[PDB]
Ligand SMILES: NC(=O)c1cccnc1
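Here you get one chain, nothing else, as structure tokens; it is the form deposited without this ligand.
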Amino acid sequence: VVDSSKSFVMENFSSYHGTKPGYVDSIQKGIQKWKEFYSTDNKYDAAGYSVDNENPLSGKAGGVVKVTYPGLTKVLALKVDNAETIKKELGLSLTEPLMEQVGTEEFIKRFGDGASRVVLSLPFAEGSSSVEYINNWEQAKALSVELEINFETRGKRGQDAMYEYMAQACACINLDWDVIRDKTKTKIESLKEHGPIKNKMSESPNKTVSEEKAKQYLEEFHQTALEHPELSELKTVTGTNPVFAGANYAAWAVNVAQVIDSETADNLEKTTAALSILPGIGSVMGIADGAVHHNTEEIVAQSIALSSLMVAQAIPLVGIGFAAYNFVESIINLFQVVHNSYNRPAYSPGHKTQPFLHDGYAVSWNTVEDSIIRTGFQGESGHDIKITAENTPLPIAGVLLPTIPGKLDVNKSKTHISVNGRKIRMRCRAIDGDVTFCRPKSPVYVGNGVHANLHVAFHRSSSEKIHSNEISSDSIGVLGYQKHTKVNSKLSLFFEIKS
């Protein structure tokens, strides 16, 4: 229940607390009062819990304060977050509430190691290296409170201030949204007055029409609009990737038009709620294949401007100043949300236990240890990879393994693939490229209701460590179906060499 190795005593222990609009000044007078007071070691995560509760989606952000305990504070790292489990294994009373007990003197004398108080620690969240602190309200009164930042003060639009701050974490998408807002406004205006564009508007049914005809018309609008000099960079960077095609801008606009009614358009929170549940926003953001391609102020402004003009056109055909106002404001917030996710450290597909999703298949390391190939010893290791597919039966042709004579050979007897429990042995051969190819001895298919475990076993005959120079690739390649140049569907599981 408690990780002693991660627990410690600190003089002048501080942390951070996200603060709602209206409370940034009053909090600095003290910590008063919801059954516990929460803080974190990361001021950027604190920035997260600083948005107005009435309008969580698009509301104003307050700020972040820093709180410090005088004297010695004992930080007690917890293994579990279960109140009952905790009071049980510690030998504490199972009656009184745990956090109340934590502030008692008998508790502090026993777990404090001489500290004036105990603060409980828990991993902030899955996928985060931050910690969350749980503070007893009484003990919390000792906290001095200092301002870290007040987002309001910055006097910026929407949630720009909060996101600009968060982006400091990565020293990285760090855009000036002021510039983007100004350019977006400029381009939408210049686009409305452009002759060729004014023309195409005049060819609009301007009435509720078939969805198919609306899309057809919007695609033509897109094509003509994209020819405007103030959208020239956008024309170039969107000319090649299918995700960024006119068809996808048109599909987005028609979708926006279909979900936005009068009352929705009139409220920013309601508009954000509605836009936030739509598919296809990546086309407008310039986001595909794990990358944010639209990452200059100039290009983001152009895409948002084009989108806005098209939504304007869609409303009459399948659905007001919404297009240039709430829609722009709202979509800017969604951009910021997504950009923020991409700025955060995370595992790419096929790394650790994140699946690799491709051609209808899904594969992943069974556990994190599987994805590690330990080195510098003699002996065997085993590595499990889960494999399935979405619907109809799709084949698994085999697997490509990195091998190093002596330092990393395939154990051909222990390597196998199990399909719904049917254990299938494999035939393994070294091929051109410092790679061993294994094929199943019976046909393998996966699909809805049929899954496999590929078990890779490695053998080490030398105690010598693998130099990062002797491996050609950092991935195990699982091969799916074949599709005058033959090619296999390639499913990658990425590993790390350790120890």
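We number the residues from 1 along the sequence you see.
Although not depicted, the form deposited with this ligand bound is the subject of the following passage.
Of the residues given (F124, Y325, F111, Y342), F124 alone sits with a heavy atom within 4.5 Å of this ligand in the deposited bound form. A single residue from the set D409, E230, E148, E132 has any heavy atom within 4.5 angstroms of this ligand in the deposited bound form; that residue is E132. The three residues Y16, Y38 and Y49 all sit with a heavy atom within 4.5 Å of this ligand in the deposited bound form. With this ligand left out of view, the stretch that reaches within 4.5 Å of it through heavy atoms in the deposited bound form is, among 459 to 467, 54 to 62, 41 to 49, 446 to 454, 41 to 49.
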